[PDB]
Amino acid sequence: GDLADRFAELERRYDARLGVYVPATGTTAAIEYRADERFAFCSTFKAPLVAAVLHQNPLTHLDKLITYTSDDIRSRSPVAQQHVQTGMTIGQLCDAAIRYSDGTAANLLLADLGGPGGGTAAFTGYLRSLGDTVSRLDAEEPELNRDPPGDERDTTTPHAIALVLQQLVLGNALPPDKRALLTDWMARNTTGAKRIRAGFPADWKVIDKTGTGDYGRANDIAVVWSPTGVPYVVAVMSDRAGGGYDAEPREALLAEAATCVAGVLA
């Protein structure tokens, strides 16, 4: 119908593949467009990664110091760059991973979660513990952003990652104290202003984690709250694989998809 046609026009205009999922609520039907097609996580995985590390350990574990060297920085790492000599705490790594999408921070958290070699498997296992049987993480940073189109490695679906974020932020996957850390870090993020946030009116609260990658990949996952406090979860994923590995991502595509959703939820 109308919404499907609107989303299709976005795909034509941006020369992109778009995926959208918004779970049903008691008064709204699910919004679904390519919701069960796989799309690369890119940095969206960092949100559930932090949740996994929070869940697996006591609060005092956030103060554990992790050391590393400049040879460990193999991805865009705006925070970890500055702390090679000192190390960073698990807590500082979580902050960096969410708020700066720091790649080395995410790799170090993976290693904390699953050991050397076992991180991506352990991360995927955490998603399994949340009832996500579809998503998979296979490589670390930066390779996870760079898989060829069609490859199932390092992919989720709008549907799957929406339900994950829903459990983490709106459900009881984490105890409230841990849930609030995750939520707060997402609230203070420095990369999502032009994505789902840009599709919702200013009196709606939005917290999000972005992802960006090769093949014009641009994703955003969010929880939003209406002016009266009614929550919804919004996943928007995109790629422009037709343009090749260096295709330009289009944040505006996500903002527009979000505007369509906001129009329905208003």
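Quick note: we count residues from 1 along the sequence shown, nothing fancier.
When the C-alpha B-factors of 69 to 77 and 96 to 104 are averaged, 69 to 77 comes out higher. In this entry, 20 to 28 has the higher mean Cα B-factor, the comparison being between 243 to 251 and 20 to 28. Between the residues 34, 209, 205, 217, it is 205 that shows the highest Cα B-factor in the PDB record.
Of the candidates 178, 146, 195, 153, the deposited coordinates give 178 the top C-alpha B factor. Remark: residue 48 belongs to the lowest third of its chain, ranked by C-alpha B-factor as recorded. For residue 223, the recorded CA temperature factor ranks within the lowest third of the chain's modelled residues.
Placement of the Cα temperature factor of residue 83 within the chain: highest third of the modelled residues, per the deposited record. Per the deposited record, the Cα B-factor of residue 182 falls in the middle third when ranked against the other modelled residues of its chain. Among the modelled residues of the chain, residue 142 sits in the lowest third by CA temperature factor in this PDB entry.
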